[PDB]
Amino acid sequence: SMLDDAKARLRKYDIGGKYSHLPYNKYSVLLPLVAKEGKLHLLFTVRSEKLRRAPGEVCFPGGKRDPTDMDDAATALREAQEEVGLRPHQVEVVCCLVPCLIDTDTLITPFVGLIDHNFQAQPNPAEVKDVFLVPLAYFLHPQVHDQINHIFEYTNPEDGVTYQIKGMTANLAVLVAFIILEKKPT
């Protein structure tokens, strides 16, 4: 099936816990895969304008590890619950992709999660200004705009609203699209 095929692809890139004990400032992100209308989509957040780190930006759910978290996956799931109401029975964590090194002292670990068909996002306004889906295939032929560095623009056909996606967020989206959609019969 579509979903079994995605998970089987994703598992070949799982690095597991290999880089998780290293002495960094530690953050985790959740890459949430949603199946609608026979196709896969990624779920994104728009960060609240009130926050210290990165106000108004498009990012995946995630944040800083804390002492309650049993491991890096737990951080990602805690933070997704707090931001959009995603509960643990509603997500299957399939793998851990290559981590992102930043600022010489920080390591960000991404997890890919398959989201239950009855989940419906409840944006928490203290953290998140908006929540939106993008079809995974978009990231193979994106609408690119140079600021010199590359920015993606996605317009939702439901309502005509445009979103800008950039940096590590855009990089991870492309990676997941390649892993899952490369070399497929039609």
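From 1 onward, residues are counted along the sequence shown. So that the term is clear: the rigid core is the largest set of C-alpha atoms that superpose within 1.5 Å between two forms.
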| query | finding |
| --- | --- |
| Core-fitted comparison in 8 other deposited structures of this protein, 118-126 vs 48-56, farther C-alphas | 48-56 |
| Unresolved deposited residues lying between neighbours residue 120 and residue 121 | none |
| 26-34 versus 155-163 - greater average Cα B-factor per the deposited record | 155-163 |
| Stretch exceeding the other in mean C-alpha B-factor - 127-135, 49-57 | 49-57 |
| Residue 110 CA temperature factor, ranked by third within the chain | lowest |
| Relative C-alpha B-factor of residue 71, binned into the chain's lowest, middle or highest third | middle |
| Chain third (lowest, middle, highest) by recorded CA B-factor, residue given as residue 18 | highest |
| Third assignment of residue 140 from its chain's C-alpha B-factors | middle |
| Position of residue 103 among the chain's modelled residues by C-alpha B-factor, lowest, middle or highest third | highest |
